[PDB]
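Peer 1: Next one to model:
(2 chains)
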Amino acid sequence: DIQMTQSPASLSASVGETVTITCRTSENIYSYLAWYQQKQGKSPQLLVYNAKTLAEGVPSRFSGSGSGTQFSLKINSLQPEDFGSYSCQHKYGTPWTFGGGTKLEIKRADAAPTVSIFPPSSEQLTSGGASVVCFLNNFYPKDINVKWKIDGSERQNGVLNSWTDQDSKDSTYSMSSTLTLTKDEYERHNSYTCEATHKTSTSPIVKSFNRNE
Amino acid sequence: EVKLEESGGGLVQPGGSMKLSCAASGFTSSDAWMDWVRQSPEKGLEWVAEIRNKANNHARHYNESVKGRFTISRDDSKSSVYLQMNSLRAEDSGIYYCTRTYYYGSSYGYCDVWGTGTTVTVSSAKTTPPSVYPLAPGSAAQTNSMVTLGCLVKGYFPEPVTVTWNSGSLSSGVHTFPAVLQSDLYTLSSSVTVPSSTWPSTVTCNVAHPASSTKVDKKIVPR
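Peer 2: Numbering: from 1, shown residues only, chains lettered A, B, ... in the order given. Coordinates below:
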């Protein structure tokens, strides 16, 4: 099996900028290389084959180069449509194998997250469980941290986090954090708090609520 | 219209079997070499199998990983291609795309056409309908010009669920988050942001789970 190595795994750039994704190979494949583009929630699409040949439909701002064990995809004057995932694949001889892909994200101005905290719904509490939920929405860049506090004391236990992929409308990221307790513990505590730590601010953004109000 | 439509995906336990299908259109399938390519969050893209012009060639090739278990197959009279999958393993889970690696010319082995994909999930976890919980803001909240609501879709299996707002009639300012696995059960949240005048007066998230044949709507009510 031939091993394919793409760099970087993730990359952000402005519309207009030029960009270069590198694909390395564990043993010589001459020029038998294919590049694909996968848009959000879509199937991959052929961009380049034979190292340099663009497929029917592909703009000339795309160019492929390289031979042997090192290859490059260069995108000039990055357009809005060009952002998505990119993967290389050798077509030398079976088994065919792919790189791990490269997420090409849009670079935008820093924005602060819109934070919102939600007590457990009453109908969840009937099942014996309690989930306090917090949304950290529309921020940039993706690096962010959440800190849950109950009655002024942090809790790391019982938390689950999920990030969206970059937004196709406004190029931000969003995040959801969910602190799950047992209902009995939930109702022995008054204050619940959500604290987002983002580079846009020194102090964290604090949302919270009191159960006994 | 060149087109590859996959079908056959679903949930099956480890050691079980599953047959995928792929209907080709807009070209002579007889003269083409067809492949199955799978995609997963753990391993990214993985080539599975390839069937060439049969049987004049050494027609069938297989990724080492599925050798002996998977059979790639061809029926040109039906203009379609198949993948029999036996002795399934957790790591056989992913989106299986049907592709074409050769139609004509002197070059081959790159996928110039891809289908939509069909999702295979290999797991002993039992199918479970979700609980759908409304996420309303707090009473003390002063409320800015914008307001955010949400839905918690808890304790389901298998993926996927489909989560829309006001029967799809509310597209913007929504964020449906990737589900997370805990104790062989998925949990997923979705938020929707609107102007303060809009709510109340009526928002409702829509949750459908095809695997358990359930469809629930929950109106977000204040407090």
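
Peer 1: Which residue, other than its chain neighbours, is closest to the closest residue to chain B within chain A?
Peer 2: The nearest approach of chain A to chain B comes at residue A:91, 3.2 Å away (C-beta to the nearest C-beta). Any C-beta I mention is one placed from the backbone N, CA and C, and that applies to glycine too. Counting by C-beta to C-beta, 6 or more residues apart in numbering or on different chains, residue A:91 lies nearest to residue B:109, which is 3.2 Å off, once chain neighbours are set aside.

Peer 1: just residue B:221 next, same as before
Peer 2: The shortest distance from residue B:221 to any non-neighbouring residue, by C-beta to C-beta, 6+ apart, is to residue B:136 (6.1 Å).

Peer 1: That neighbour touches residue A:120, doesn't it?
Peer 2: No. Using C-beta atoms under 8 Å, residue B:136 is not in contact with residue A:120, being 10.7 Å away.

Peer 1: Settle it for me: which of these two has more neighbours?
Peer 2: residue A:120 (23 against 19; other C-beta atoms under 10 Å in any protein chain shown).

Peer 1: Confirm that that one sits in a strand.
Peer 2: No. Assessed with DSSP: H, G, I helix; E, B strand; the rest coil, residue A:120 is coil; it does not lie in a strand.

Peer 1: Quickly list the domain ranges of chain B.
Peer 2: Listed by curated CATH domains, the domain ranges of chain B are B:1-124, B:125-213.

Peer 1: tell me the SS of the most centrally placed residue in chain B?
Peer 2: The centroid of chain B falls nearest to residue B:119 when counting by C-alpha atoms, centre = their mean (4.6 Å). Following three-state DSSP, the label given to residue B:119 is strand.

Peer 1: what about residue A:178, how many neighbours?
Peer 2: Neighbours of residue A:178 under the rule other C-beta under 10 Å: 24.

Peer 1: and it, how far is that from residue B:23?
Peer 2: Counting by C-beta to C-beta, to the nearest Å, the gap from residue A:178 to residue B:23 is 41 Å.

Peer 1: Then residue A:93?
Peer 2: Separation of residue A:93 from residue B:23 (C-beta to C-beta): 29 Å.

Peer 1: for residue B:6, which residues make a bridge with it?
Peer 2: When assigned by DSSP bridges, residue B:6 has beta-bridge partners residue B:22.

Peer 1: what about it, how many residues close to it?
Peer 2: Residue B:6 has 24 neighbours, counted by other C-beta under 10 Å.

Peer 1: Quick one: residues contacting it.
Peer 2: Going by C-beta atoms under 8 Å, 6 or more residues apart in numbering or on different chains, residue B:6 touches B:20-22, B:96-98, B:115-118.

Peer 1: so how far is stretch A:61-79 off the chain centroid?
Peer 2: Stretch A:61-79 sits 23 Å away from the centroid of its parent chain (C-alpha atoms, centre = their mean, to the nearest Å).

Peer 1: That stretch spans what distance, first to last residue?
Peer 2: Terminal residues of stretch A:61-79 are spaced 9 Å apart (C-alpha to C-alpha, to the nearest Å).
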